[PDB]
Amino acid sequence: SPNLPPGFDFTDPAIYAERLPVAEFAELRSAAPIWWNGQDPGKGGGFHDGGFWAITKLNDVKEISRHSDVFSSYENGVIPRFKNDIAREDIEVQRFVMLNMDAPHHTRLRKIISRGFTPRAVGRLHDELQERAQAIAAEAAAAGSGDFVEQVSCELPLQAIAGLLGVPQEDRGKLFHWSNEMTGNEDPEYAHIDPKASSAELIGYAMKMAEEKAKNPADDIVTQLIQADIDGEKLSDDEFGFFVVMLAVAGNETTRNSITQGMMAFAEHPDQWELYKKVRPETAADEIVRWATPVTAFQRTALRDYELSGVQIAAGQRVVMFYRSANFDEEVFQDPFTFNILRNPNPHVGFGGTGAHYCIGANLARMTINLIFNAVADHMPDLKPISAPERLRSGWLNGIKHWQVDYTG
């Protein structure tokens, strides 16, 4: 029924290198909110099961996220697209990080790692991130023009991870280098990167950091993570290393692409940009995340038969939650295609559907976004784009590689 091209794959990186398949996502919400996306032989992005169920409705995304007992993140990982020829064991490597664990293993890890995302712990970063956000902005304005991504979006998200982990200043340069080589392998601009090499360098440094803190324990997030709680629970040295590797991407290109596409949206909607500069509403962060949806989609795997909204899902089959579609569901949003930074409440799923795996760094991201746009307004309120943004070739990330901008006008 649904009017779609033969051979169409919603995880095809060819599409996302050009555009977002908004019209195609809308077609399914009307004609087939849960639609079997078949994949030709050898074109499964690393999965040889023949296709997956596209999930386009927000309520369906929420049901899958909260029914993590049926819909597993471990079985096949949550990334729904790699290079088609990727070895299976390269996919299973994901299972070493919390994102791709099921309960009970995931439950133990999440509980320990929560010590580093308490509201207090994130608040201690406000002043330092505000200071840097202002300086980044001032630095870019002085340049007159350049790559908005590298000059505005790139650094601060990484400074949040470093500050959260108490990484020494002199170490941050190489730490950022490694973190930025973790994803984007499919884009021709980054074909030469080896995410496996830089990850090993990341774990080696993180494990090194963990054994030093045990011998010289101070008050910071790293020490609380490697010390036994009242329950005797804590992160082993390697578990802390897989924690760092997870942050290096989970809080890197996600927050970055939200800053970029957030500024892109402000350029598209001058009314909203004048409004922001005057009142600086912090509800803008959630609207920027909904508008940007930096993670286009994560997948799950059904461990048993499951009926979801009148559609039979069979054990072993993959379901791909398309957050880019759920965040523009006409059923839950009044004018989903209206950029409204005052939108309140705003139940977007850019941080995922509520449930076990809901982004632990959601509020840190919100604060990063708010601090940097306040700085953009303070230091370059009349910036205008020079050329169209350059999109990233990815099957699940909605990335912006470059964006030329004039900060003077």
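In case it trips you up, residue 1 is the first one in the sequence shown, and so on.
Legend: mean Cα B-factor per stretch from the PDB entry, 377 to 385 versus 364 to 372; the higher mean is in 377 to 385. Once the C-alpha B-factors are averaged per stretch, 217 to 225 and 246 to 254 rank with 217 to 225 first. The top Cα temperature factor in the record, among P294, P104, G241, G184, falls on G184. Residue set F71, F82, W273, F322: peak C-alpha B-factor at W273 (per PDB entry). For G262, the recorded CA temperature factor ranks within the middle third of the chain's modelled residues.
In this PDB entry, the Cα temperature factor of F298 sits in the bottom third of its chain's modelled residues, the lowest group. Annotation for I288: C-alpha temperature factor in the lowest third relative to the rest of the modelled chain, per the entry. The entry lists a Cα temperature factor for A197 that places it in the highest third of the chain's modelled residues.
Among all modelled residues in this chain, the alpha-carbon of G77 has a temperature factor (C-alpha) in the lowest third.
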